[PDB]
Amino acid sequence: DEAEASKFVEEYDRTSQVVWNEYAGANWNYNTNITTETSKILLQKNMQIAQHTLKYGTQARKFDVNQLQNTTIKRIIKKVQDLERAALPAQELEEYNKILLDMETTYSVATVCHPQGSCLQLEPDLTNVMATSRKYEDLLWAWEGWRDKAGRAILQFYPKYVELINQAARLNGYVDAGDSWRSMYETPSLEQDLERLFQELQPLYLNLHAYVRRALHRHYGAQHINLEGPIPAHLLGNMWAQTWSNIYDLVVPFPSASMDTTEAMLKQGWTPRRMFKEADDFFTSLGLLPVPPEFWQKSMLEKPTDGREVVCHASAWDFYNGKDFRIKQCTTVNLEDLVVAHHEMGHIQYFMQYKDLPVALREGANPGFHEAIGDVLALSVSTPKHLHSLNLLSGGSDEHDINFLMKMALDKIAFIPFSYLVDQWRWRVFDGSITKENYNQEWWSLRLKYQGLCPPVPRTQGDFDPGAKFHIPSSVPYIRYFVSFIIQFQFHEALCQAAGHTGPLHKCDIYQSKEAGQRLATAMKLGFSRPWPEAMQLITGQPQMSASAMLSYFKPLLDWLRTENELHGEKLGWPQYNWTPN
Ligand SMILES: O=C(CCC(O)(O)[C@H](Cc1ccccc1)NC(=O)c1ccccc1)N[C@@H](Cc1c[nH]c2ccccc12)C(=O)O
Ligand SMILES: *[C@@H]1O[C@H](CO[C@@H]2O[C@@H](C)[C@@H](O)[C@@H](O)[C@@H]2O)[C@@H](O[C@@H]2O[C@H](CO)[C@@H](O)[C@H](O)[C@H]2NC(C)=O)[C@H](O)[C@H]1NC(C)=O
Ligand SMILES: CC(=O)N[C@@H]1[C@@H](O)[C@H](O)[C@@H](CO)O[C@H]1O
Ligand SMILES: *[C@@H]1O[C@H](CO)[C@@H](O)[C@H](O)[C@H]1NC(C)=O
Ligand SMILES: [Cl-]
Ligand SMILES: [Cl-]
Ligand SMILES: [Zn+2]
C-alpha cells in the first residue's frame, strides 16, 4: 500500500509535468493569437491532458487515502482523485471544452461600434472612456454597448456551460460546481466566515458610498442622482464599478492638496517593460526572486500591433518546468496598470517560490493567497513617498493624508462588495436557485443589495450583464479576490511590523526590507502542501482571516468620512432602493 502510493505520486508528477507543459504551450498560443488553427489545436490538447487526467485519476481512486500514513502523499492522492472536467464522458467533455473556448473568444474579440464610424475594443478604448469621460451620455454609450455586444453574446452558451460544469462536479463527488470551487479553501465554515468579513467592512463601505454619491450629485446633477438611492453603475470610472479610483478628481477631499502620475510616467519614458522591471526590482529589493531571462523573451507585456487577436485580460503563466514563467498583459502606461503589473508579478513570484514542490502542490495556500502576494507590494508602491522616489510625484500634511487614503479606498474598499457579489451570484446559479430566466434580475438584485448600484438603463430579456465581466465566460472563480483584498492588508500589517515600521500603517513602505521578504518567502514556498491557516500564521502570527488590518489601515479615513457625511446629513445606504435614473 504505502509503497504503491509513494510510487504512484512520483510517476504522476513526472508525467503531469510533461503533459501540463505541453497544454500550457498550446493554451499560450491560443491566448496570444486567437485563430481557428490555434483554437483547434487547443481543443485537441484538451483531450490529451484529459486522457492523462482520466488515467491517473482512475488509479488514484483505487488507493485508500485515509488508510495511508504519509501526509504529503495522502494530500497529493486526494487531489489527483478529482478529475475535474476529465470526469465528463467524451461527448460531454468535447462539448464542454468547445463551449469554454467559444465564450472566451466571444468575450475577447467583442467590439462596440459607432454607426459607420469607429469600433472600440474593451482594452484600451472602452476602459479609457469609462476611466476618463465625465459625460453621462458617453459613459452610458460605452457601458451599454459593452453589455450589448459581450454580455448578450455570452448568454446562448451559459445554460449549457452551467449544466456541464455541474455535471462534472457531481461526477467528482460534489453537489454542484459552486461546492467544488468552495472546496479549494478546505474550510467548512467558509460561507459564514466570508459573510462576517463582509459585514465588517460595511460601515466603511456605506460611508465611502454616501460620500461618493454626494460628489456625483454635485457633478452630474440632482436630476440624475438620488441622495437616498443607489448609484448609477456607469459613473464610477471602471466598466463594472468594481474599483472607483479613476473618479478621484470628482471626490478629492482636499482639492487644494498631487500631480498627474500618468503624464509623469508618459513624459518620463515609462513603458510596459519598465513597469514590469520596476516590479521585478521591488521583489528583489526584498530579497525575493528575480524573474528569469526567459520571462523577458517570451512574455507578452503589451497588446500586439502585428494584427494578432489576443486575450488582453491580464494573467500570469506557469509552464510547469520550473524555468518558464510568463505574463500576458495588454499593459498601458499608468498607475492603475502598474498596480495590475505588480499583481501579476506576485503570481510569478509564487510560481518561482514553489517550483520545487510536486506539481500537485504547486498552488497557493488557498486561491486568495495567490491573488494577494502582488497586491501587498503594490500597497507600498502606491504610497506618496514611494511614488515621489519614482519621480512620478513632486506630500506630508493631514489633508494630503486623507487624500491618499481616499484614493486607496476608492479601489480597495469599493471592491469588497463587488468581489463578494460575483460568486454569490454564481454559487446560486450553480446550485440551481437562479435559473436562466432570472440570471440578469438576480445579478442586479445583488448589485443593489451589496454595492448599492443600479443600472442606468432598464435591462431587457436577452440581457446578460454577467457575461460582460471576463471571469464569468472565462469560468474563473472570483471569491479569491474578496479574500485577497482582506488578507493583503493582514500581510502588509505583518510585513510592516517585520520591517520595523512604526506609526500609521498606511504610511508604511516595505521597500528593501529583507525581513519582510523572508516573511513571505517562507509561506510562499509551502505552496498547497499545508492547510492555509498555517501559511497565514507564518506570515501574520495568527491563523485567521481578519478584517482588522484593513480597518486599521483605513481608520483615519473612516473617522473623516463619518464626520464629513454627518455634516451633510447623509443617509447611509439606499433606503429608496427601487430608484433607477432618468
Ligand atoms: O482578474 C484579475 C487579474 C487577472 C488574474 O491575474 O487574476 C488572472 C485571471 C485569470 C485566471 C485564469 C485564467 C485566465 C485569467 N489569474 C492569474 O493570472 C493566475 C495565475 C496563476 C494562479 C492564479 C491566478 N483581477 C481581478 C480583480 C481586480 C480588479 N482590479 C484589481 C486591482 C488590483 C488587483 C486585482 C484587481 C479583475 O480584474 O476583476
Ligand atoms: C512524506 O513524504 C514526503 C515527500 O517525499 C518525497 O516524495 C515521495 C513521493 C517520494 O518520491 C520520496 O522519496 C520523496 O522524499 C517527505 O518529505 C520530503 O522530505 C525530504 C527530506 O526531508 C525533503 O527533501 C522534501 O522537501 C520533502 N517533501 C515535502 C513535500 O515535504 C516527508 O518527509 C514524508 N513524511 C514522513 C512523516 O515520512
Ligand atoms: C529543480 C527540480 O528538479 N525540482 C524537482 C521537481 O520538479 C519535482 O517535482 C520534485 C519531486 O518532488 O523534485 C524536485 O527536485
Ligand atoms: C498566429 O497564428 C497563425 C495561425 O496558427 C499563424 O499562421 C501565425 O504565424 C501566428 N502569428 C504569429 C505572430 O505567430
Ligand atoms: Cl453589470
Ligand atoms: Cl477561488
Ligand atoms: Zn490574479
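The first residue you see is number 1, and the count goes up from there.
Per deposition record, X-ray crystallography, 2.2 Å.
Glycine is treated like the rest: Cβ placed from N, Cα and C.
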Site-mate of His343, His347 for Zn(2+) 2 in Swiss-Prot, selected among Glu336, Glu363, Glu371: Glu371
Bond partner of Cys312 - disulfide, per Swiss-Prot - picked from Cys330, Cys454: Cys330
Second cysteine of the disulfide that Swiss-Prot assigns to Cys113, among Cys119, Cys454: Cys119
Among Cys454, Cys496, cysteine joined to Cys508 by disulfide in Swiss-Prot: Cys496
Nearest of the recorded positions (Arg147, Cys330, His347, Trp443) to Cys113 (disulfide bond) - Cα to Cα: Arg147
Contacting recorded positions for ligand 1, chosen from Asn70, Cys119, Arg147, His343, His347, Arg447 when the Cβ sits under 6 angstroms of any of its atoms: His343, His347
Nearest recorded site to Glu371 (Zn(2+) 2 binding site) by CA-CA distance, among recorded positions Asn70, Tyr185, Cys496: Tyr185
Gap of 2 residues [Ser394 to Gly395], endpoint C-alpha distance in angstrom: 8
Cβ-based isolation winner (fewest other Cβ atoms within 10 Å) among the binding-site residues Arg147, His347: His347
Sorted by sequence, non-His343, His347, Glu371 residues with Cβ within 8 Å of centre, Zn(2+) 2: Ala316, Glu344, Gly346, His370, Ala372, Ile373, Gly374, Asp375, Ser484
Sequence-ordered recorded positions from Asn33, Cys330, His347 with Cβ under 6 Å of an atom of ligand 4: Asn33
Nearest recorded site to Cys508 (disulfide bond) by CA-CA distance, among recorded positions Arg147, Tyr185, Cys312, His343, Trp443: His343
